[PDB]
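In the form deposited in one PDB entry, a lone chain appears below as structure tokens.
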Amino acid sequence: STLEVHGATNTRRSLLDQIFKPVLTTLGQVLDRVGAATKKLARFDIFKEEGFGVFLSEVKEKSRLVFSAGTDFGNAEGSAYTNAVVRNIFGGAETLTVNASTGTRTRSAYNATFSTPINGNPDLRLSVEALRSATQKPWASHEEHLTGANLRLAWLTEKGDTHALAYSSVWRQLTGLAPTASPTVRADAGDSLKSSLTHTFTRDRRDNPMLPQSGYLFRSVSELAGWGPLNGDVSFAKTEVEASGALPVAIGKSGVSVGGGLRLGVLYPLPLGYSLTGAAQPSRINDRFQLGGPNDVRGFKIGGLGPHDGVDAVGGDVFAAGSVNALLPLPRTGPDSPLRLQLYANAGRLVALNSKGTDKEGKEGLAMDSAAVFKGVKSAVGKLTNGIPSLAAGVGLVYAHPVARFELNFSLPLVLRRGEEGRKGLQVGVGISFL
């Protein structure tokens, strides 16, 4: 009836051609088509969110440069940034620039991101980042100066789940071992390239992203470092799975929402080209798994709960961590502000690799075939289920702010592995995704 002529001031009609092309029984069809069209123009970024409306037949470009300061949150209590966005260049494209001094943990960043929509569909955001950082890691005393640049390809379909096919290539210089460090760190300082190819799936079906009540969050990650075509100097295969949850029971509709969590992961050292057998160098300290702190397993320091070399917490290949939430409401208040109570009993184990099965190799032991590392992983997972897990418990006063879930907990550890530095009460967590 009425083809698209209005609002096409800045953007292209070729882009707006395919967003609602098939406008072709009379009572409510158009009433549903307009609802589909507005929800399609919503996941874009060009159109202005205020006047995103079109009258029944028979807005404008948002901006071009949008600076900001803000303060994001990345599990570190302090942050900062200064964006510089360009909401259109050719079609529905974009660019970006963050300079996140980020205060406490990291000390720099420069992310000259560049997104774009691909082939009409507004979800194939083929970003091309070019990053930089100098982050301080005080649990294993050193810094790390990443200088990478990746080519991501994401896709958010019509059911809430997402995807990713990033291709990163970093530099990973560990150049901060000034204080008393452990010789495991010294034996790892240097360089790397870590050209990888990951894939992140996440079916986020929860209601309150900072305070789940009735949903369930499956979220998998599957890294694959230098191997075969994609070369480099590190070679491994890393996976990680998470499955949160929450479900109310009964009393009004007062929030009870007993919930739980889970985390699995593996780190399988691989050979360095077009095979599955051959020499397989063990993993470095840049790739292993940390598990602890107020976010993933509460009751322990931000890097504890793992193989410890004294005062520095080196990682570990395989791990597993669970949780149980309570989320009881405030006394005689009701479904008011997000300040709610909480009870938890956090568990989780993390053990590293070892061979202990073949000594005939003698010289140059830093090389194993597939059988050796396979039996090593078998022994690791066998050691994972021999003994009581860490199992630390405590209470806290959640605060489901729209962006950050402040916790302010008080917990005590029950089962410890000698030399693991479990926290004892009065920790202040903050972040995006707890356990």
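Between two forms, the rigid core is defined as the largest C-alpha subset superposing within 1.5 Å. Start at 1 with the first residue shown and count on from there.
Separately, the form deposited in another entry exists; it is not shown, and the next lines address it.
Only one of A393, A380, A372, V30 has its Cα shifted by 2 Å or more between this form and the one not shown after fitting on the core, and that residue is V30. Relative to the superposed core, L414 undergoes a C-alpha shift smaller than 2 Å between this form and the one not shown.
Once the rigid core is overlaid between this form and the one not shown, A42 counts among the residues whose Cα shifts by 2 Å or more.
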